[PDB]
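Asks: Please see the structure below; I have some questions.
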Amino acid sequence: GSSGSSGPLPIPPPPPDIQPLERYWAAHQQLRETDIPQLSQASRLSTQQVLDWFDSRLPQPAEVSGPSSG
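Heads up: the sequence shown begins at -18 in my numbering, then just goes up one per residue.
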């Protein structure tokens, strides 16, 4: 945790964590406007990032073999 910056910018920030959404997804498999901002903060991503993450995960309209779920 630190702040402040001038001319020469400090080293670049580390990569985000998708684990937060990965677990939550398989855990509940339901994105909520309330869990959107809460999760995004964990994965260190933008509110839009999480929205696209789940949206992309969801079953898109297309021809698929047939994944066994239950």
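For each residue, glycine too, the CB sits at the ideal point set by N, CA and C.
Using the beta-carbon count (16 or more within 10 Å), is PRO1 buried or exposed?
Replies: Position 20 of the sequence shown, counted from the start, is the residue given in the question as residue 1. That one is buried.
Asks: Quick check on DSSP: helix, strand or coil for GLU3?
Replies: Stepping through the sequence shown from its first residue, residue 3 is reached at position 22. Three-state result, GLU3: helix.
Asks: Can you give the beta carbon distance from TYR5 to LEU20, rounded, assuming they're within the 8 Å contact cut?
Replies: In the sequence shown, residue 5 corresponds to position 24, counting from 1. In the sequence shown, residue 20 corresponds to position 39, counting from 1. That pair is a contact at about 6 Å.
Asks: With H, G and I counted as helix, E and B as strand and the rest as coil, what does DSSP make of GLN19?
Replies: Looking up residue 19 in the sequence shown gives position 38. Note: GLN19 maps to helix in three-state DSSP.
Asks: Return the chain-ordered list of same chain residues with a C-beta closer than 6 Å to the C-beta of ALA23, the five sequence neighbours on each side being excluded.
Replies: For the purposes of this step, residue 23 is taken as the residue at position 42 of the sequence shown. Contacts found: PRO1.
Asks: Using a Cβ-Cβ cutoff of less than 7 Å, which residues in the same chain neighbour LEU39 once the five nearest sequence positions on both sides are dropped?
Replies: Taking the sequence shown and counting its residues from 1, one reaches residue 39 at position 58. Once the five neighbours on either side are set aside, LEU39 has no close Cβ partner at all.
Asks: Cα-Cα, which of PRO48, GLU14, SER37 is closest to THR28?
Replies: If you number the sequence shown from 1, residue 28 lands on position 47. When each option's Cα is compared against that of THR28, the closest is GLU14.
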